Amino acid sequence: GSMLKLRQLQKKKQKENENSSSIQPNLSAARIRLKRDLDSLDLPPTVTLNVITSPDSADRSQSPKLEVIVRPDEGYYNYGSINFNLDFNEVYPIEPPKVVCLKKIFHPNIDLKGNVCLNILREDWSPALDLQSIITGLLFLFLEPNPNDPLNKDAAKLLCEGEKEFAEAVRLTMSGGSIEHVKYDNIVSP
């Protein structure tokens, strides 16, 4: 670094503290942009969203966090409920939120750790994309699963092995059943 940058950072922190003590603190660029994305949402009935931690806080340390619940009404995963946490850092929209799947599910593009392989989250991310895009992308994973980004090799294999086969494996796992020796969550309630 440089002594100047040092001094500049320290003045900035001072300003940040001042701002957090005002009534009605100014929100960071990242939080203002997330509010705008949230205010502009146009969700289909198959997707519901819960604000867990709001971009409305002035608390730098409390990252905004959303829960997104996908309940497809068609396709292999019809009527299953798959929820995701979306965690935003102060660098949105330059970086997209971190997305974590909160259920063990049998899907080629999601691993057992909750990692989700969705192109717009990395190689195809642009700051001109928005929360609506991410959410639509998560939905589309269940409407058109792709065996070509195989985080879960068993699911990727079965999808290639035909539709009746994959359909029944998905129905079993969504009801809490096991494939090979891994147990999946029951996500079919109601």
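Position 1 is the first residue in the sequence shown; the rest follow in order.
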Subject >> Residue stretch of maximal mean CA temperature factor, 159-167 vs 40-48 >> reply: 159-167
**OP:** With reference to the PDB entry, specify whether the mean Cα temperature factor is higher for 137-145 or for 51-59.
**Re:** 51-59
**OP:** Using the entry's values, work out which of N152, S126, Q132, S28 has the largest Cα B factor.
**Re:** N152
Original post:
Lowest, middle or highest third of the chain for the C-alpha temperature factor of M3?
Top reply: highest
